[PDB]
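Each remark here refers to the structure printed beneath this line.
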Number of protein chains: 2
Amino acid sequence: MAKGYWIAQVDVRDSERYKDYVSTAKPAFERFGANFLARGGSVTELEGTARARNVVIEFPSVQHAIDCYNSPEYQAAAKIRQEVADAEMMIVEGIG
Amino acid sequence: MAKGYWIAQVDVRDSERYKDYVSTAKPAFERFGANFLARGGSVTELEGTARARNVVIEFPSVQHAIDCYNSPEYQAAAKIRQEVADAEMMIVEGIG
C-alpha cells in the first residue's frame, strides 16, 4: 500500500484543554500505527500564512489513517479539539 | 538532525504550465536531497477545505529545504507556478 499522510494544521485557542485532546487521542494513534514525522515543530512560512501548530503523521495506509480518524476514541478526542482549536485536517495518499 | 518537511498545498489553474513548473523545479529538488513522500495524491478531507494538490517533501534538514526554496533555480520555476496557481507553502521541522 501507499502510506497515508495525516496532516493537521492547528491554531490552539485553549492550551490547557488542548493537552486533554492530545492525551485522549494518543491511544487511537497508537492502535492504528501512527508514525509521527512532525508535531508542532519550527515552521518556516515560505508562501502564505501558516497555522502555528503543524502535524504530519505517516500511517501504513490511507485506510489506517481514515479508520483512526473514525475510531470511537479519536472521535471523542476530536470533540475536545474542535471546541479549543481551529484546524484543517486531511489525509493525502503517499506516492505509489 | 531533524528532517525538514516542505509542505505545499496548491490549486492549479493551468495544468499545462504547471507541468513546466514541476519539470523546472526538479533539478533544484534533486540538488538538495528532496525525498517526495506525497505528490498530489488523493485527498480525504477530514476537517475544513483542502486544496486539490498537496505535496509533502522530506529533506535531510530544514536548512536543505530552505536553501532549495531560495536557490535561483527553484525561484525561477516558482515564478511560473505563482502565475498559474494559488499555493500555501511551508517547511515544518521533523521530530526532535
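All of the numbers you see were taken from the coordinates with simple rules; none came from a lab. Here the Cβ positions follow ideal geometry from the backbone for every residue, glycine too, while neighbour counts run over all protein chains shown.
Laid out as a table, the results:
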read-out: Those residues of region A:6-52 which are among the hydroxyl-bearing types (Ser, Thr, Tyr) and exposed (fewer than 13 other Cβ atoms within 10 Å of the Cβ), in sequence order; value: A:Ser15, A:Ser23, A:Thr49
read-out: Residues that are in contact with a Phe, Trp or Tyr (Cβ under 9 Å, 6 or more places away or on another chain), assigned to a strand (DSSP E or B) and closer than 16 Å to A:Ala78 by Cβ, drawn from region A:4-49; value: A:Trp6, A:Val10, A:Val12
read-out: Count of residues meeting criterion [touching an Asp or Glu at 6+ places or on another chain (Cβ under 6 Å) and touching a residue at least 60 places away in the same chain (Cβ under 8 Å)] in region B:45-86; value: 4
read-out: Residues (small (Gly, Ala, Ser), closer than 19 Å to A:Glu88 by Cβ and at the interface with chain A (Cβ under 8 Å from one of its Cβ atoms)) located in region B:23-70; value: B:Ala38, B:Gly41, B:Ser42, B:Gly48, B:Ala50
read-out: Filter pass, B:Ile91 being buried (at least 19 other Cβ atoms within 10 Å of the Cβ), touching a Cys at 6+ places or on another chain (Cβ under 9 Å) and closer than 13 Å to B:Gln9 by Cα; value: no
read-out: Test: residue in region B:4-12 that is facing another protein chain (nearest Cβ under 8 Å), without any contact (Cβ under 8 Å) to a residue 12 or more places away in the chain and β-branched (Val, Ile, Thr); value: no
read-out: Hits in region A:60-86 - residues which are crowded, with 19+ Cβ neighbours inside 10 Å and small (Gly, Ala, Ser); value: A:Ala65, A:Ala77, A:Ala78, A:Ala85
read-out: Any hit, region B:72-88, residues being part of a loop (DSSP other than H, G, I, E, B) and either out of contact with any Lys or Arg (no Cβ under 9 Å at 6 or more places or on another chain) or closer than 30 Å to A:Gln75 by Cβ (or both); value: no
